[PDB]
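The chain below stands alone and is given as structure tokens, in the form deposited in one PDB entry.
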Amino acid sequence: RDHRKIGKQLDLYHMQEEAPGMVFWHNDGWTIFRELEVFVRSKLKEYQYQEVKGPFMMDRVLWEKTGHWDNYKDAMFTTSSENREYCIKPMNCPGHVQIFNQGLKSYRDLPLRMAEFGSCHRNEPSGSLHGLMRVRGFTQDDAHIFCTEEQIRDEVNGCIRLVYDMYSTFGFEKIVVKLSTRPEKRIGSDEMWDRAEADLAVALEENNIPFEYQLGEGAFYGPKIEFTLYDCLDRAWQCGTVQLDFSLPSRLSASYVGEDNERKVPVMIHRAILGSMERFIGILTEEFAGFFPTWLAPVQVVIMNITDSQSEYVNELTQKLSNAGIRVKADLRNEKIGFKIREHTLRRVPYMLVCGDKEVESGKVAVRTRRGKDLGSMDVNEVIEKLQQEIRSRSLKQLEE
């Protein structure tokens, strides 16, 4: 169930030697990506996350202040303009702090949850690249929560709930979790690390989450919980993650007015639920073997004619399903119906509607599924409602299965 082969077969994306680890999302792959963004946005609205967009690059001075220049230099791409040096962002956190720093903040504004579908670039060693799982340019479903020390428990709990809730939609209910502790190269005192590692360990146990400690694998700025999903070859991939940061806000001069009217430095929780769109889509492609649930399917329905005689009927139904919000395409090619059906079956199109003369003068449609099931003759409005229901509920199963 190699996602790279499936990606080619379903025309989802491609990569080239001229852009190692740089993904070209084709129309169908991009549709999946966009549906995942819609899903993430829907889930975050529930938590009142703001959504922002930060700059693609920032001055070297900024990255020196955060600690990235000294602890993350090899992974960063650099460029220049007018003798000024810039780093293309490998993370979205610094930009989020810059936004937080605009306008006086008070304890009343916390917790402040700031999300971004942030494009990150990291100069990963070429030999470590692997399909969509490890690339050089990727988009994270990122967010940073600015809060008080007393709010850490609840905010970390909120991130954890988000992970399990969102993962359950895809059928993932068996997650291997790691707590990666202080790395050799790091910022912050040992006292700070003791406190942060403890906070995360307690959060995991309070949630009855079995986890394994992982020596020296934390971020340079804080310990991290890793939510692990496996690929077809049983290789572990870090997808969701939660990190506790007591260093970056101070380094970037972030503060707020406490209730005691004194200036305080907020705590920052970093988290990505899916991880990156690229990696998560890679995992989903292998998990479903290309049979994406209807809500995620690039093309949900294909309508085919037998001969040019049903073309008009097919075009009418196509526009009708399209107006109903279904991703539909008409296949009016001069090919045998069995040839068309095989093609769309291989493309994993959830539903196929066949229209012969009988369907045209009946006003109905013959329905088939990509699993080869013959659903017989159905009413057009009936198929539309059933599809809309399957889509709205983001169901893992198709009609009658």
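We number the residues from 1 along the sequence you see.
With respect to the recorded C-alpha B factors, which stretch has the higher mean value, 72-80 or 131-139? Mean C-alpha B-factor is greater for 72-80.
Residue stretch of maximal mean CA temperature factor, 286-294 vs 88-96: Higher of the two, by average CA B-factor, is 286-294.
Looking at 179, 112, 304, 219, which has the biggest Cα B factor in the entry? Top of the list by C-alpha B-factor: 304.
I'd like to know which of 340, 364, 60, 347 has the highest C-alpha temperature factor in the PDB entry. Going by the entry's C-alpha B-factors, 364 comes out highest.
Comparing residue 26 with the other modelled residues of its chain, is its CA B-factor in the lowest, middle or highest third? Its C-alpha B-factor belongs to the lowest third of this chain's values.
How does residue 33 rank on Cα B-factor within its chain, lowest, middle or highest third? Ranked within chain, residue 33 CA B lands in the lowest tercile.
Can you work out whether the C-alpha temperature factor of residue 318 puts it in the lowest, middle or highest third of the chain? As the PDB entry reports it, the C-alpha B-factor of residue 318 lands in the highest third of its chain.
Please place residue 155 in the lowest, middle or highest third of its chain by C-alpha B factor as given in the entry. Middle third of the chain for residue 155's C-alpha B-factor.
Grab the CA temperature factor for residue 240 from the record and place it in the lowest, middle or highest third of its chain. Bottom third by C-alpha B-factor.
Below, we refer to the form deposited in another entry, which is not included among the displayed structures.
When the C-alphas stop fitting one rigid part best and start fitting the other, that is the hinge; which of 269, 63, 159, 229 is there, between this form and the one not shown? Hinge located at 229.
Closer or farther: the C-alpha atoms of residue 234 and residue 171 in the other form, versus the form shown, with a change of 3 angstroms or more? The answer is closer, because the C-alphas of residue 234 and residue 171 approach each other in the other form by 3 Å or more.
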